[PDB]
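Asker: After the structure tokens below, expect a handful of questions from me.
Each answer follows from the model by the rule given with it, or from the source it names; none is laboratory data. As a convention, Cβ positions derive from the backbone with ideal geometry for all residues, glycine included, and neighbour counts pool all protein chains shown.
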């Protein structure tokens, strides 16, 4: 029995605003040219958005217009809100190419896949809640359920656990944090009310909820003026909220703004896929698959499956099962997971994993050919 | 028995070049004004360095000159090398200002501490080697031991392991990767020779070395023109090479460019400290400590110590020990670890942890009060 | 008898906004270090101000804060107005240094001095009115005499003339133009009313005024959302409104953002001085002096005084008188005209010439030694 | 009898490099879409080019690639030269838009036309030589006639005059200046030798040449490098070299980067046309025509023809003859002068006037319906 903490941030967060914008460009490209190559990043500050990077593509794209559209969508239409899509400046330092006239990996790296049967989404509950908490603030903001709300927001769900010999059963949410931006025309008392009633309660399960849970509502006091004004923001800086909330591991690879040819993304996705499959097939309760690649080398340089002593068969075997049933060549990962599609913008917020959108072909498990010795496997 | 892989990159790597530059500014500030507040980031691309962020300080600083000095130091003096400190452009978008130990943590977040007695440095061997491999390429480049060498370089050490009931004993280096930039006046064959003879051999222990060890020397073929030219680079994008090579966990917090008031750094450091202490004291073989904080709240919001079943004491008994002996208030963490001191530039390369520089006050363990009930623990 | 046209623009005009900002930096520098060297320029667009250039100085300056202060002063405090000093972005790409009489002209060039006794200010009436017209719109805006007014504005005064054997006597204002920005709460009819009554009438002399005089009040229709938003603006792009409204000549030298060591400014100023003196001493009715310099050469490379046949003395004599009484060495020009002073910001709007501010040491004539053969000349 | 000075600069000059780049974009646009609207500017500093402005067009353009191509063409291969087209950074802040005779002038303004029969090109000899001097340095650089030469260069031709009855007859070149950039592998003595032998002598007529003529060859001493590195450069800053070398007048309107719908260009061109015609028809020896426009008003709001007493009738007639034979509506000017064509890049250097390129439809005069009473005029 122990406690754990995870966090998440809203799409109004400058760091995440970048992630979004970057993947907006990518989508824009794949839309016209699926074979596009996009390795681009966004940086934003006081009154500015600077898009910088490289893109090989045939697609005729209007970058500044895409950018602005994303900022608008996020809700930044007023300078008093801290950002204005209509009046802000957009510097493009992207070097575009025409390219006009299987697949060794494009870069070397390390990538991680994680999965836990503690939740339906095969994700750490601690992370799920944290992010759901945030998606709800969006709903509230957009739908008018809480009109005083503003885009730049942040959350944190630390919760209690227990481990039944490797199986994680969560008990209760020990403490809770949420720091949102807001209009000046709202009472501190009025905020707490709305936050508890219309977000916390409506997202946190009653089973885990208590009279006994701690509450931290804008403990920094007030938060009217925010957004990218004052703070600086960059692509791929929220790498952990993008993934597993620090539960598994990370390879260091920022996902957003990178096309699927980048092993950093593909490998990370395929890794999730494997893991999600491995726990589905009842081979284990908890897994952490690690993949690794060499620049210019098509096949994976190394492979590791770390089940937390939970997995019934054993790791020498698992590592094999994976290899037999999965083609981990970047080129094929793209094909199998349909990563040439324009689905990546929506990936940029509320986490890349745990979401069962149809286009997220890595969240639907595979069916794995198993040696007959382990035909008795699990629930 | 199993395999694992970790990676590292050189200070010539654009992503890391930023990390360095950012921390160069920080140092520059703390030099004159220790009470300085710096939340600043760097971005670079083809011919350009863009410094953006915010910093409250009394220090009179020459940012462009600092920047250039860092680029020069790294070795980028020629456009043919891919970057020129003398000729490149420097855009400053930093907003400069003029401007107790119970201070509330100036942000919310999650932070991780890791330690393993598998090595003298209390670090994952896989990571140690990977980074040592890189530091040696520097030595060679700078000292002229391999003059054809160039700054932009990358490494990857995947190695074989065994676990003796929680204790990690490494067996052999299964495979090795190293992709360096170089002058066009080199023979592909000549590179492999020098790489094996003057780096690999002189860093990798003979005990772990063998004839069946795999070697990947610039498998991307050639690599003459590189650096920030072609690639884009940002601060805090190499968060994993900066820490534990994906062995433990991460909170998502980019270290570089942030002053020590930022919990993302302090908490991460203090966490390492705890861990390093916890296995000094023979309480365990392997630990991962997780800290967590709330914005505006001085005390840590939550705490967790995950020893990998290697801990003699049993789990909750020591979460206590930590609390008793450590003051995890950000304000104190600065004082105790002497984080007001301009030591942060050198932190920006070759990893923040595992290095026993005197100024790294978090690498020298603490001495902890222990209930006498625990007289039997570890060597 | 003939007609002529000249124009002017307000300090809200982006092109002029730059000129101002640039000279704001200069002033800021000379304030601390009179021996400062400043060759810097400003560019502005939609949400952005980019300062680029070079400055050798000991002065410790806060450029972004200076910039913002200038924009504020001009009245751009709202995004709806087209610009916001509070929310806009400021990119500094200027390279600052620490500084390590008969002295070399710092650059080669060609410069012009002009003067006409047609007016008290020794300036073309056509230009005087045009600019006065604009200064009045400022007065009205600032003083609240016309609160609906907005900063970005423009004017144009085309005037009828007659020449009495070289002497220009103006007859009447043939046509008039004025295009101002404004709040959207104002009626088209209400604008024309206020413009005629509170500016035109209060600036244009009744002697020159008529019932037949043409009037062009925002003929582009509406003009609510203007400023640097939409329109690109640069330093030294309004070189003619800065000087003589196209009456004399120009050397091409942008004045603003350049310190007084730059012959482009000094020579131009000294030239005005000479001219103003030459017509004061009753040597002529109308003069256009041209100066010319060589890079690294202290003395003027060439000299020319073109009186429009209005000069009693004959030209060969004049250019002598000039030489005898004036020290046209850049080094001296600075000393004599007190150009080490922070007076240059206010020079950046409403024209560099014709204004009898005490600090404008080039508007107060000299007393010249004249051959006794021609004590009979003009009033 | 008197002296006069004019100047010019090479296409390597940063200020002029911008002018070129800007008009390169324009051409690029008109190429696909003649009805394009382009109001864009370039700014350059160290290893950086910033393109900013607005363009309404259907044309699909690759701005960074065009830019780079222009810089290359100009000769900046080596960061060693002060600029490198291959390695420099390109920031695009241009706001691009799809597109939704007798139209109103787009903007208000003042414009000038000048012509002098002192030379074949109907231009001031002082300016012609100055610029020819520079074109020759190009020839030499490009053709290898002087391989040590480098692109950033500057010239200045001050020459002696006489006017006989309003007719300017030039006598001799009093002094000469030329400051060129160069390779470090060449001597100061060797430089002087070349410029005198292979430029000065091969451009300056021997009739105007002599032994007493002054020579200023890199008086700033050395000039190994240069370019945009260490100088700042902007579009439309060399407005005088672009036109008449300060002989006539200027309206303040920067030509380059503006499409022909901009009266600043059209009016200036049409003005030259008129003047060139007026002196061709033997109506006078020397003319300066001034045009003037109102925003949104199609017809010219004012008109003036200043012949320097060198015209053969009153000046009210001339003003008539102009009106009768020319349609000065911006809309028509475009049609008659074929200003929808991509000819504007080459205009950006060596002056907009005096060059008898076929595409320069404003340099070939018109035939004017003059009265029968004035059938006796001029040679």
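Asker: Checking residue D:316 against (1) under 25 Å from the mean Cα position of the chain (by Cα); (2) surrounded by fewer than 23 Cβ atoms within 10 Å (Cβ to Cβ), which single condition isn't satisfied?
Answerer: Unmet for residue D:316, out of (1) under 25 Å from the mean Cα position of the chain (by Cα); (2) surrounded by fewer than 23 Cβ atoms within 10 Å (Cβ to Cβ): (1).
Asker: Within region C:49-74, can you find the residues that are over 18 Å from residue C:348 (Cα atoms) and more than 14 Å from chain A (Cβ to nearest Cβ)?
Answerer: C:54, C:55, C:56, C:57, C:58, C:59, C:60, C:61, C:62
Asker: Could you tell me whether any residue of region D:266-276 is farther than 21 Å from residue D:244 by Cα and touching a strand residue (DSSP E or B) at 6+ places or on another chain (Cβ under 7 Å)?
Answerer: No, every residue in region D:266-276 fails to be farther than 21 Å from residue D:244 by Cα and touching a strand residue (DSSP E or B) at 6+ places or on another chain (Cβ under 7 Å).
Asker: Have a look at D:258, D:276, D:262 and point out the one that is out of contact with any helix residue (DSSP H, G or I) (no Cβ under 9 Å at 6 or more places or on another chain) and under 29 Å from residue D:35 (Cβ atoms).
Answerer: Criteria check complete, one pass: D:276.
Asker: Identify all residues within region C:19-43 that are out of contact with any helix residue (DSSP H, G or I) (no Cβ under 9 Å at 6 or more places or on another chain) and part of a helix (DSSP H, G or I); write none if there are none.
Answerer: Once the filter is applied, which keeps residues that are out of contact with any helix residue (DSSP H, G or I) (no Cβ under 9 Å at 6 or more places or on another chain) and part of a helix (DSSP H, G or I), region C:19-43 yields C:26, C:29, C:30, C:31, C:32.
Asker: Further, regarding this structure: Among the residues of region A:192-208, is there at least one that is more than 21 Å from residue B:303 (Cβ to Cβ) and in a strand (DSSP E or B)?
Answerer: Checked region A:192-208: no residue is more than 21 Å from residue B:303 (Cβ to Cβ) and in a strand (DSSP E or B).
Asker: Restricting to region C:211-225, what's the tally of residues that are surrounded by 14 or more Cβ atoms within 10 Å (Cβ to Cβ) and either in contact with a helix residue (DSSP H, G or I) (Cβ under 8 Å, 6 or more places away or on another chain) or over 12 Å from residue C:149 (Cα atoms) (or both)?
Answerer: 8
Asker: Quick one: is residue D:46 within 11 Å of another protein chain (Cβ to nearest Cβ), more than 17 Å from residue D:345 (Cβ to Cβ), in contact with a strand residue (DSSP E or B) (Cβ under 7 Å, 6 or more places away or on another chain) and not in a strand (DSSP E or B)?
Answerer: Yes: the conditions hold for residue D:46.
Asker: Criterion first (assigned by CATH to the domain that holds residue A:108 and either out of contact with any strand residue (DSSP E or B) (no Cβ under 9 Å at 6 or more places or on another chain) or closer than 22 Å to residue A:373 by Cα (or both)) does residue A:355 satisfy it?
Answerer: Taking the combined requirement at face value, the residue satisfies it.
Asker: I'd like the full set of residues that are more than 14 Å from chain A (Cβ to nearest Cβ), in a strand (DSSP E or B) and closer than 30 Å to residue C:354 by Cβ, limited to region C:75-118.
Answerer: Correct list: C:109, C:110, C:111, C:112, C:113, C:114, C:115, C:116.
Asker: Sort out which residues of region A:86-136 are over 29 Å from residue A:275 (Cβ atoms) and away from chain C (no Cβ under 14 Å), and write them in order of number.
Answerer: Answer for region A:86-136, where residues must be over 29 Å from residue A:275 (Cβ atoms) and away from chain C (no Cβ under 14 Å): A:94, A:95, A:96, A:97, A:98, A:99, A:100, A:101.
Asker: Every residue in region A:245-271 that is under 19 Å from residue B:238 (Cβ atoms), outside any helix (DSSP H, G or I), more than 7 Å from chain B (Cβ to nearest Cβ) and out of contact with any helix residue (DSSP H, G or I) (no Cβ under 6 Å at 6 or more places or on another chain), please.
Answerer: Within region A:245-271, A:248, A:262 qualify.
Asker: Just need a number here: residues in region D:123-145 that are surrounded by fewer than 24 Cβ atoms within 10 Å (Cβ to Cβ) and assigned to a loop (DSSP other than H, G, I, E, B).
Answerer: Of the residues in that region, 2 qualify.
Asker: Additional query: Among the residues of region D:17-43, write down those that are within 26 Å of residue D:178 (Cβ to Cβ) and away from chain C (no Cβ under 11 Å).
Answerer: If the condition is that a residue be within 26 Å of residue D:178 (Cβ to Cβ) and away from chain C (no Cβ under 11 Å), then D:17, D:19, D:20, D:21, D:23 are the ones that fit.
Asker: Quick one: count up the residues across region D:217-232 that are under 24 Å from residue D:200 (Cβ atoms) and within 8 Å of chain C (Cβ to nearest Cβ).
Answerer: So the answer is 3.
Asker: Identify the residue in region C:146-165 that is closer than 16 Å to residue C:192 by Cβ and in a loop (DSSP other than H, G, I, E, B) and, among all such residues, is nearest to the chain's Cα centre (by Cα).
Answerer: Once the filter is applied, the top-ranked residue is C:146.
Asker: Sticking with this one: Given D:3, D:112, D:83, which one is assigned by CATH to the domain that holds residue D:159 and at negative phi?
Answerer: After applying the criteria, what remains is D:3.
Asker: Go through region B:355-379 and give me each residue that's farther than 30 Å from residue B:294 by Cβ, surrounded by 15 or more Cβ atoms within 10 Å (Cβ to Cβ) and under 15 Å from the mean Cα position of the chain (by Cα).
Answerer: Result: B:355, single match.
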